[PDB]
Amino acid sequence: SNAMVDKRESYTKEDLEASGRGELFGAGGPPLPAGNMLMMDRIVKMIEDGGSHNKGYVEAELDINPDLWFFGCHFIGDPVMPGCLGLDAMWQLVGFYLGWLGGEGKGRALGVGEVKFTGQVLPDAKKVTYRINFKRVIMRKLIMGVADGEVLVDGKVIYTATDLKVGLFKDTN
């Protein structure tokens, strides 16, 4: 497995930017997206035996302000964070967890079982929270994770996802 992981229980914005550049986990591990595709500012908790199935728990946050890039283009005259990007943040975190445990390769989302959106992130919000509860983690041969996740805005659940799936791949050609 990948020995180079700077493995800590929480990560700062600068850590997440380092991850985008491949530095946090090193050359063999999955980077987060960078820049406009990075959907978190911090990871507040990662616990290997945690969560609703004792298979892993991850919690992360995105600070909201009215000038985040997606508000101005989605939609003109009706700013709302794209639900697809909150879904992606959850996929991002599943792949990150696999790399955090030493999984080698680049991350690719494989899909999700069901997503329900019941509320929205508006420019007057302050905090988006992502919660990930792992249900299966395969760390041998073909590395893959399955988890349930929720997105909250200022403490209120607005999205649920069941059976988020992400794999790591040493070669994607």
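Position 1 is the first residue in the sequence shown; the rest follow in order.
Just going by the entry, 50 to 58 versus 125 to 133 on mean CA temperature factor gives the higher value to 50 to 58. Annotation for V157: CA B-factor lies in the highest third of the chain's modelled residues. Ranked by Cα temperature factor within the chain, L32 sits in the lowest third according to the deposited record. In the PDB entry, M81 places in the lowest third of its chain by CA B-factor. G99 sits in the lowest third of its chain by CA B factor, as recorded in the PDB entry.
The deposited CA B-factor of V112 belongs to the lowest third of values across its chain.
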